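Colleague: Let me begin by handing over the structure; questions about it come next.
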Amino acid sequence: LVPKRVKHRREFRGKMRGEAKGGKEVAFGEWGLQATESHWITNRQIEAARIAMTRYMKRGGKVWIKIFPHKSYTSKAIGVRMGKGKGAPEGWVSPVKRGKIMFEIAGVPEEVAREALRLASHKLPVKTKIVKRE
Amino acid sequence: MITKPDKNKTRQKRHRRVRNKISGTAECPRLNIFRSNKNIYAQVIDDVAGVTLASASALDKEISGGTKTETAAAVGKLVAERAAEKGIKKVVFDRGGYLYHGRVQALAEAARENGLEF
Amino acid sequence: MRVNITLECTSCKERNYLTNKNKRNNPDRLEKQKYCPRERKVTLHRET
Amino acid sequence: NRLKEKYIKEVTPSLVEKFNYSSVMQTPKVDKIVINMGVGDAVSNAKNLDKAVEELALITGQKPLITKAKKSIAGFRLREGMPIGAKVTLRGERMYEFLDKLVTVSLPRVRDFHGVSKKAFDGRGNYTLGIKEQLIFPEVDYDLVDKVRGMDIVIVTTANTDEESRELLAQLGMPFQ
Amino acid sequence: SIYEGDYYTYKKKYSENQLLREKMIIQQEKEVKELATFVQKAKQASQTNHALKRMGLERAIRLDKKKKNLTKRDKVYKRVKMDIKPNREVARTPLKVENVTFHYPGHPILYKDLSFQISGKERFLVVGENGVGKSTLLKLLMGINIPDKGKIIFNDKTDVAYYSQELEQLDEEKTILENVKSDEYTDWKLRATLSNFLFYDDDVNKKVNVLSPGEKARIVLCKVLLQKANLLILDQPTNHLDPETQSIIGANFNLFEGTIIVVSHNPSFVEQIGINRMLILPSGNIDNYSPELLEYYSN
Amino acid sequence: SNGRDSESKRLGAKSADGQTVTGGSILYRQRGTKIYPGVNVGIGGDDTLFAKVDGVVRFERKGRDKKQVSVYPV
Amino acid sequence: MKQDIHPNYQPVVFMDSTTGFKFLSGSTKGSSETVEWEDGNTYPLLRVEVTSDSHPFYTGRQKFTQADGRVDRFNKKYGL
RNA sequence: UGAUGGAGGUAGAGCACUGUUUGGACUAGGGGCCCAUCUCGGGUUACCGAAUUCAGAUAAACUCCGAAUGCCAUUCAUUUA
RNA sequence: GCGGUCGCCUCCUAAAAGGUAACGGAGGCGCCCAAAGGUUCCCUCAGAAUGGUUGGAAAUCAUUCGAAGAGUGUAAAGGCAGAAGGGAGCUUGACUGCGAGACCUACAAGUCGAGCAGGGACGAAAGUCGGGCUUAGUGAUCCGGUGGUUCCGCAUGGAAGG
RNA sequence: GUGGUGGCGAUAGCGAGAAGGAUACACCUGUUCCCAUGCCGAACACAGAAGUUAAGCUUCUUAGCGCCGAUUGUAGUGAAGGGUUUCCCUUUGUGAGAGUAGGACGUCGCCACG
RNA sequence: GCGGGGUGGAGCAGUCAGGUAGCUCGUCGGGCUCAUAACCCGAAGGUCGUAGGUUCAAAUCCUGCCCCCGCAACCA
RNA sequence: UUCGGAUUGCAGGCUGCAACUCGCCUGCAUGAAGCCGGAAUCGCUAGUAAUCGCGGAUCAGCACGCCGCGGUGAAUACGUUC
Ligand SMILES: Nc1ncnc2c1ncn2[C@@H]1O[C@H](COP(=O)(O)OP(=O)(O)OP(=O)(O)O)[C@@H](O)[C@H]1O
Ligand SMILES: [K+]
Ligand SMILES: [K+]
Ligand SMILES: [K+]
Ligand SMILES: [K+]
Ligand SMILES: [K+]
Ligand SMILES: [K+]
Ligand SMILES: [K+]
Ligand SMILES: [K+]
Ligand SMILES: [Mg+2]
Ligand SMILES: [Mg+2]
Ligand SMILES: [Mg+2]
Ligand SMILES: [Mg+2]
Ligand SMILES: [Mg+2]
Ligand SMILES: [Mg+2]
Ligand SMILES: [Mg+2]
Ligand SMILES: [Mg+2]
Ligand SMILES: [Mg+2]
Ligand SMILES: [Mg+2]
Ligand SMILES: [Mg+2]
Ligand SMILES: [Zn+2]
């Protein structure tokens, strides 16, 4: 997952405080994975979680990825002193604040849903919990 | 199917822009002109007070009538003398969004001759 | 090609005004009606 | 005056009766006729536009307005403001005269004439006739034209519906297919 | 620049000076290229090569000072380019003149029962002396003068282009571009050809009244070229033209694939065109062209 | 390469509402007409609002979504 | 209407040479032949051979035979 | 310090604009693919799918909105200097 | 060290006055216009749908919808549809001598400015005009050139030179 | 009641529908007139009163769109504190946006004709 | 990151300094030859890498972009 | 082009069992390229070349080919270097 375009190549790291602005409730799926902490989530982590979830579901049902790694983060190569401008863009992250529903799933029995979400959570860097559509 | 714009609406679109730099005071009231297919009307107004100090039109019954241009000239004379009676001498001429060419021009010249200073 | 020019009063030959012009767009010497402070009246000023 | 007389006398009562208008003011009428000649060849040679302008002026009896490209388009070698295409506006008596001549003379002279379309309506009661070639108008003289060209004649009426516009145009004389 | 001597001496002195100037500019360019080549070599060297990087900056300073004292070679003045081609093809009888007599009212008859016939793609020279009727004859063909007697017939395949002697075909009030305006040519086509005649950019908006006689002659020639006629009636074409342009004019006419009726008192120009038949005046004599032209001049 | 910037132009309001100011005092610096000139207030060549007369400054709203400055003499 | 910029426009009568249908309308072209007209007036006359009345489409009846069927051609060919 | 009046677009929030973006409905169009070609006339992938619309997100260089504070000023009030 | 940078304008950083740094994140300037200035008058856009010869997604034309989704010479921000956008007529205020009072500011500078006088442009008049929608398009002194000058002129008149 | 002309944030609007021209305003009739169309008396300007409320126009109904919008709660935050201190929590003050109850198919003036 | 280049099949001009697309070899066709080579005669082959600006006009000037080549990407 | 006579549409005459693949010919209509042909290359020395017709074999039908017949009827040959 990478945006097709970005208005600005480089961007602030930002600050994650408080609950998520929106998307805290399961919208489409019957079950959802809610993050109980705030943390960056890389496109690599999202893909790993997605693969785990779908493969356990046997590619059945439907999966939604609510988050998207809009933000970019740069880095400086080893042996480079501080300064001389910002580092080159390296990866993509989505700032996820506690309460956000990162993934949703539907079309599968509850045990399968809970197990698939558990596998995805272990792939992710945040503590999570399972939530049902209201 | 074709819509013919309201001439009065177009007049008023021009008239707003006209009024943006024309305003009537107690010592220099606004001489507003309105023009109809049949008649023509002049009002001496105090925008600060929002009151028509004096008025004249082709319905005063003091203007015998004639060609519409001549009626405008008579209305100009009548408003000038009425304004003079109320002591109004200097005015700012609001052409009401029309073109200062024909009936309005005749009315304005009549007012100038009959004593309004502008 | 744009260059600064001087406009001189044709009457008193006084270099009165400073301006500029694009030679390509105005090949011929510019001429204007400008106030001449020495003569204190508007006169024809021509570029030199 | 023939077509104006025809309209006011025959067409107006007929339309009133057919469409059950409360007041005569509702009667549709030909507001204007706009004839547009699109000359893309002007870019290659402005004299093409000049000849087209001369032809249009002779056909219409009025000096045309030389329209200009509102935008620069590289696809047509076109720069914004280039004088490509002309038009003429006709109202009242001149409008009636030109419309009558089109109905009577020019249309028959069209090659393999089987009538005019019956679907070229904008959906508001305004019609347009796409002339493929000139030389159908007698004023052309069939010889001055070095290069044959077409045009688009837009008839604008007060009809609210394509149905009313069709009736008015047919009554004025229009060989619909 | 003022030289002592004659035209050849000026050419010899001038040609040498431009040669010696050219060699100077060549050597200044070589030294600049040499420094440039080293500056680039240092620029792309590793950042760890401190001494080379240092030397690269030092030579960058010399390179800058060189590029600021490097004489510009003057742009060689561009010569005229003419490509005259006929639209249509010549006939075996382009022009028929039969029993043509003409006199200016009140003056002796210039020629009586003049009859000649051109062949097509022929170089026809109307020889004579001053005030003998050469320009009158050419004016006669075009229609400026109506023949007193006889007929002049042009084949329907013959298109004619006229270059008048006194430059009477230009509007002094209008500009260069306005004069050459034609219904058959678009704007950029006119500009391109005017550039071939050394009228560059806004030089075409100049009024014809301010041009020199030589520059006006080019406009008339340009008008002749744009006609693309197959018959060229030219009355002293090389007049007012600089010697370089004359040779260009003669060479291109020589290759012209059409009939040429020419008048010229310039011996060089006629030789380049390669005349075929010469018509002597006032003694009408349609003759094959040869060094016998000198015999008529002597007699 | 980045690292360029222009000197700050010290824009904004230069006189508080309800303050007394002498004629010609600058009331507001701006690019464009962020606030319009009201009564006895002129707008300079670079959109600067200044007082034409001595008086107290007042910032009002010109209609629904536009602001305005007026100077009222006492 | 602006002056001296519009092409010369004049009233003119048209007659269908085949049928004689008449109508008066303006035109840029002028005709040396002129005719009288009701209201005691005369106008240049521009004769035309083909008009609405003459033209087949307006009439609704076609002058052409619409060609023949091939078998009918053959019928006439071999008398069958 | 309080009272009053102000200027401003931050925190937050929001999608009304501009970028980024998820799923659903529909589909122009594009891809294959056949028949029939005059590529041409169709019927197809639940193939990719613009634009619209429904739902749901996102932003230092987005804002329909918008604080707490701070700031400017008042012949203002209390205290102080 | 190498690379990059050095002055000016715009945005974000900048923490809702102002100001605020980094070899922080992005872009521009060293001009242009004789109209692309002033004034009087007049006009309203971009796109879409539908119909229409060449003509095709898209040239020009017509109706309707369409509040700005256009345009504003030139970066961005701010502003502008009572126009600052667009067209036309006449013009040169892209004036001279100034200038109460302000902003900005270490200084040098920089910015705004009603209003007075002179003589004008446009307009019937009101009135507007001391360049351009606003903010970059620039360089101290010394030295030298050119023009003007009722200024000085080493005993005096000139001159030279200031 | 209609027509001019204004003030007030569209609570004044937009959309849809209904009624009227007695007057007035309008369409509306023409281009001879001053004046005009980068062509058109469509517009502008002028002269006039054959017909019509058809349209605009004014009056009325409507909460569909837009507009205004309370309270409560919450985010945020000044001050005083705490913690396991990228963050989070406590006390006190302030307090949105969003969402909603609801308001609203305008009101406050002057003049001429009725 | 620093430079060098993108024009016919290949290699090269033309670019600076705006008007008009070329040279060499090669290819195709036809000749000559018993046949091949050499030789002779015809013809084709690019809208100049690409997208936008400047211009009346762009292979040529400006800007970006995509490709290919060489070098560099860290020194006591 | 009143040169040219291809191509094409139509309408027909024949032979044949049969004329679409695929015959020849006729009338009407249409009216193509082609303006004397690059490098190179062919035949011919007199009733010959050139050019004009005519008959024939094959053959139901079908030649611009082949064989044969006559009509008109030239230019040039210095010479054997190549
Ligand atoms: N328009 C004229 N009116 C009267 N006489 C004329 C006119 N034109 C020419 N002539 C006379 O005709 C004579 C010859 O005419 P023309 O112009 O042809 O001379 P030319 O051959 O051109 O001589 P050149 O060109 O060398 O000067 C002259 O003597 C001249 O005087
Ligand atoms: K985890
Ligand atoms: K923000
Ligand atoms: K103007
Ligand atoms: K009218
Ligand atoms: K109505
Ligand atoms: K409402
Ligand atoms: K056959
Ligand atoms: K046979
Ligand atoms: Mg002569
Ligand atoms: Mg700044
Ligand atoms: Mg300014
Ligand atoms: Mg925020
Ligand atoms: Mg702050
Ligand atoms: Mg600030
Ligand atoms: Mg402007
Ligand atoms: Mg002395
Ligand atoms: Mg609220
Ligand atoms: Mg021939
Ligand atoms: Mg022999
Ligand atoms: Zn003077």
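Read-outs: derived from the displayed coordinates by stated rules, not from any lab. Neighbour counts run over all protein chains shown; Cβ positions are idealised from the backbone, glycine included.
Colleague: Would you please list the contacts, defined by Cβ atoms under 9 Å and residues six or more apart or on different chains, that run from a residue in the stretch A:15-43 that is on the phi > 0 side of the Ramachandran plot to a residue that is surrounded by fewer than 18 Cβ atoms within 10 Å (Cβ to Cβ) and of a type in the set (S, T, N, Q)?
Modeller: none
Colleague: Looking only at the stretch G:31-46, which residues are among the small types (G, A, S) and farther than 17 Å from D:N1 by Cβ?
Modeller: G:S31, G:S32
Colleague: Which residues, counting only those in the stretch A:109-134, are without any contact (Cβ under 8 Å) to a residue 60 or more places away in the chain and more than 19 Å from A:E37 (Cα to Cα)?
Modeller: Residues satisfying the conditions are A:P109, A:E111, A:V112, A:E115.
Colleague: Could you list all residues from the stretch A:118-134 that are aliphatic (A, V, I, L, M) and within 11 Å of ligand 2 (Cβ to nearest atom)?
Modeller: A:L119, A:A120, A:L124, A:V126, listed by residue number.
Colleague: Report, ordered by the first and then the second residue, all pairs with beta carbons closer than 8 Å, sequence separation of six or more or different chains, a first member in the stretch F:1-25 that is within 29 Å of A:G85 (Cα to Cα), and a second member that is away from ligand 2 (no atom under 16 Å from the Cβ) and in a loop (DSSP other than H, G, I, E, B).
Modeller: F:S1/A:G85; F:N2/A:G85
Colleague: Now a separate question. So, A:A35, is that one small (G, A, S) and within 13 Å of the chain's Cα centre (by Cα) or not?
Modeller: Against the criterion (small (G, A, S) and within 13 Å of the chain's Cα centre (by Cα)), A:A35 qualifies.
Colleague: Within the set of pairs 6 or more residues apart or between chains, which connect a residue that is on the phi > 0 side of the Ramachandran plot inside the stretch A:92-105 to a residue that is of a type in the set (A, V, I, L, M) with Cβ atoms less than 8 Å apart?
Modeller: Correct list of pairs: A:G99/A:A20; A:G99/A:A35.
Colleague: Still on this model: Within the stretch G:1-20, can you find the residues that are in contact (Cβ under 8 Å) with a residue 12 or more places away in the chain and either surrounded by fewer than 14 Cβ atoms within 10 Å (Cβ to Cβ) or at the interface with another protein chain (Cβ under 8 Å from one of its Cβ atoms) (or both)?
Modeller: Within the stretch G:1-20, G:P7, G:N8, G:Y9, G:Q10, G:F14, G:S17, G:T18 meet the criteria.
Colleague: Looking at the structure I just gave you, is A:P69 assigned to a loop (DSSP other than H, G, I, E, B) and under 14 Å from the mean Cα position of the chain (by Cα)?
Modeller: yes
Colleague: Which members of the stretch A:82-91 meet the condition of being over 14 Å from the mean Cα position of the chain (by Cα) and either assigned to a loop (DSSP other than H, G, I, E, B) or in contact (Cβ under 8 Å) with a residue 40 or more places away in the chain (or both)?
Modeller: A:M82, A:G83, A:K84, A:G85, A:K86, A:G87, A:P89
Colleague: Then there is this: Considering only the stretch F:26-43, state which residues are part of a loop (DSSP other than H, G, I, E, B), surrounded by 12 or more Cβ atoms within 10 Å (Cβ to Cβ) and out of contact with any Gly (no Cβ under 7 Å at 6 or more places or on another chain).
Modeller: F:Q30, F:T33, F:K34, F:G38, F:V39
Colleague: Can you tell me which residues in the stretch D:118-144 are polar (S, T, N, Q), more than 20 Å from D:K47 (Cβ to Cβ) and surrounded by 20 or more Cβ atoms within 10 Å (Cβ to Cβ)?
Modeller: Scanning the stretch D:118-144 gives a single hit, D:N126.
Colleague: Which of the residues belonging to the stretch A:1-42 are under 14 Å from A:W92 (Cβ atoms) and buried (at least 16 other Cβ atoms within 10 Å of the Cβ)?
Modeller: A:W40, A:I41, A:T42
Colleague: In the stretch D:46-75, which residues are in contact with an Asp or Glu (Cβ under 7 Å, 6 or more places away or on another chain), more than 8 Å from every other protein chain (Cβ to nearest Cβ) and under 20 Å from D:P138 (Cα atoms)?
Modeller: Residue satisfying the conditions is D:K51 alone.
Colleague: Next up: Taking the stretch D:145-163 as the search range and keeping residues that are buried (at least 18 other Cβ atoms within 10 Å of the Cβ) and more than 12 Å from every other protein chain (Cβ to nearest Cβ), which one is farthest from D:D50 (Cα to Cα)?
Modeller: By that ranking, first place goes to D:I153.
Colleague: For the subset of the stretch C:17-48 comprising residues that are among the aliphatic types (A, V, I, L, M) and in contact with a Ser or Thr (Cβ under 8 Å, 6 or more places away or on another chain), which member is nearest to RNA strand L (Cβ to nearest atom)?
Modeller: Within the stretch C:17-48, the match that is nearest to RNA strand L (Cβ to nearest atom) is C:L30.
Colleague: Restricting attention to the stretch G:19-33, does a residue exist that is outside any strand (DSSP E or B), under 13 Å from the mean Cα position of the chain (by Cα) and under 28 Å from D:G92 (Cβ atoms)?
Modeller: Scanning the stretch G:19-33 turns up at least one residue that is outside any strand (DSSP E or B), under 13 Å from the mean Cα position of the chain (by Cα) and under 28 Å from D:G92 (Cβ atoms).
Colleague: Still on this model: If a residue has to be outside any strand (DSSP E or B) and under 20 Å from E:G133 (Cα atoms) to count, how many in the stretch E:269-293 make the cut?
Modeller: The number of residues fulfilling the criteria is 8.
Colleague: Those residues that are among the small types (G, A, S), closer than 19 Å to E:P86 by Cβ and under 9 Å from the mean Cα position of the chain (by Cα), I need them from the stretch E:224-251; list them, please.
Modeller: E:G250
Colleague: A further question follows. From the set of residues in the stretch B:46-85 that are β-branched (V, I, T) and more than 16 Å from RNA strand I (Cβ to nearest atom), which is farthest from the other protein chains (Cβ to nearest Cβ)?
Modeller: By that ranking, first place goes to B:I63.
Colleague: Take the residues of the stretch F:1-25 that are surrounded by 11 or more Cβ atoms within 10 Å (Cβ to Cβ) and away from RNA strand H (no atom under 11 Å from the Cβ): which is nearest to the chain's Cα centre (by Cα)?
Modeller: Filtering the stretch F:1-25 for residues that are surrounded by 11 or more Cβ atoms within 10 Å (Cβ to Cβ) and away from RNA strand H (no atom under 11 Å from the Cβ), the one nearest to the chain's Cα centre (by Cα) comes out as F:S25.
Colleague: I've got another one for you. Which condition number does C:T10 fail, the rest of (1) touching a strand residue (DSSP E or B) at 6+ places or on another chain (Cβ under 9 Å); (2) within 14 Å of chain E (Cβ to nearest Cβ) being met?
Modeller: Here C:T10 clears every test but (2).
Colleague: Specify which of the listed residues (E:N266, E:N179, E:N254) is over 30 Å from E:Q117 (Cα atoms) and either more than 16 Å from ligand 10 (Cβ to nearest atom) or touching a residue at least 12 places away in the same chain (Cβ under 8 Å) (or both).
Modeller: The conditions single out E:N179.
Colleague: Now for a different question. Given the criteria in contact (Cβ under 8 Å) with a residue 24 or more places away in the chain, within 12 Å of another protein chain (Cβ to nearest Cβ) and crowded, with 19+ Cβ neighbours inside 10 Å, does D:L107 qualify?
Modeller: yes
Colleague: Residues of the stretch D:26-45 being assigned to a helix (DSSP H, G or I) and either among the basic types (K, R) or within 14 Å of chain G (Cβ to nearest Cβ) (or both), which ones?
Modeller: none
Colleague: Then there's this: Exactly one of these conditions fails for D:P83: (1) over 16 Å from the mean Cα position of the chain (by Cα); (2) within 12 Å of another protein chain (Cβ to nearest Cβ). Give me its number.
Modeller: For D:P83, the failing item is (2).
Colleague: Shifting gears a bit: Out of all the residues in the stretch G:34-75, which are part of a loop (DSSP other than H, G, I, E, B), among the charged types (D, E, K, R) and over 16 Å from D:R109 (Cβ atoms)?
Modeller: Residues satisfying the conditions are G:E38, G:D39, G:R61, G:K63, G:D68.
Colleague: Scan the stretch A:1-56 residue by residue and report those that are within 11 Å of RNA strand H (Cβ to nearest atom), in contact with a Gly (Cβ under 8 Å, 6 or more places away or on another chain) and of a type in the set (G, A, S).
Modeller: Once the filter is applied, which keeps residues that are within 11 Å of RNA strand H (Cβ to nearest atom), in contact with a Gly (Cβ under 8 Å, 6 or more places away or on another chain) and of a type in the set (G, A, S), the stretch A:1-56 yields only A:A20.
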